[PDB]
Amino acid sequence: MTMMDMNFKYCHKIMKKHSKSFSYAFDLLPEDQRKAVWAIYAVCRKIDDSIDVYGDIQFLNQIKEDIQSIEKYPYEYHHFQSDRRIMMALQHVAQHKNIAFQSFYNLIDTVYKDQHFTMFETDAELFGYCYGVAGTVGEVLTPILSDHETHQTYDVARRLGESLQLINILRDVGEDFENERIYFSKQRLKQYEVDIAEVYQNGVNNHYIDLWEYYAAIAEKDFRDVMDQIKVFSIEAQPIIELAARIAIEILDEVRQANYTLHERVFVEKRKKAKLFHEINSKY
């Protein structure tokens, strides 16, 4: 085990902890690809968690500066300010692959704006947030997951990231509410006569189910569109992407089976992910 191996192993730990749903899929990639996913994912996660973990924006500012250092001087040694293990790994990836640095900057800008967990007025704002926190991740991952640097490959990856984020939202309504977060837009809440606090107290009702299903239908359509374009990804990444999309749909079915509960964290069993992969990988 080298120092660089340890940096990547730490990035892996961050992804395994914070994407319990999807880590399993990305870990099926070939070694060099999954390691790059770990590093990029870990940077993004450290950005997203930073204001809550530290209680201020210092670490966030440091991370931005470290990323800027890598962008400007990818081959120079930096004394990183934020988390040296994740930045050394990101720099290693950047020395081998084209990184969309502006996507990291867009993510950082979004996390800063979202720091009070302010409610979104319209779905357009909700989906703008989904771009900022997850579409950006898909953009940065694009050269790792594909050999095509075409606009539609970035577009499919961006949509995949945003759709995975909408699944996270749909899975985590109760847990998010406990943490002072509601992602559904004010406009849609009003249209469907839903108050999340009220639902948290008094249980699911048909209006809440209709609202949740409105967003689930969006996610499912966007996943179908991603799958229609699965061949934009490298042959090695295709079954992994298909598996992440299948796990996503399975999460929606788990939520439905649990009667859309706000009081449990539903999830797909590791053993079930293996079954889903067996079905998928047998096509490849």
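We number the residues from 1 along the sequence you see.
Participant: Higher mean Cα B-factor in the deposited model: 102-110 or 196-204?
Facilitator: Between 102-110 and 196-204, it is 196-204.
Participant: Averaging CA B factors per stretch from the PDB record, which one is higher: 270-278 or 8-16?
Facilitator: Per the deposited B-factors, the answer is 270-278.
Participant: Among the candidates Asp222, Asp48, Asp66, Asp32, give the one with the maximum CA B-factor reported in the record.
Facilitator: Highest C-alpha B-factor among the listed residues goes to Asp32.
Participant: Name the one of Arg84, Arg159, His78, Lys186 with the greatest CA B-factor according to the PDB entry.
Facilitator: Top of the list by C-alpha B-factor: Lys186.
Participant: Lowest, middle or highest third: which one holds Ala248 when the chain's residues are ordered by CA B-factor from the entry?
Facilitator: Within its chain, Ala248 is a middle-third residue by C-alpha B-factor, going by the deposited values.
Participant: Is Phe26 in the lowest, middle or highest third of its chain when residues are ranked by C-alpha B-factor?
Facilitator: Its C-alpha B-factor belongs to the middle third of this chain's values.
Participant: Lowest, middle or highest third: where is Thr118 by Cα B-factor in its chain?
Facilitator: Its C-alpha B-factor belongs to the highest third of this chain's values.
Participant: Classify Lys190 as lowest, middle or highest third according to the C-alpha B-factor given in the PDB entry, relative to its own chain.
Facilitator: Highest third.
Participant: Comparing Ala39 with the other modelled residues of its chain, is its CA B-factor in the lowest, middle or highest third?
Facilitator: According to the entry, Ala39 has a C-alpha B-factor in the chain's lowest third.
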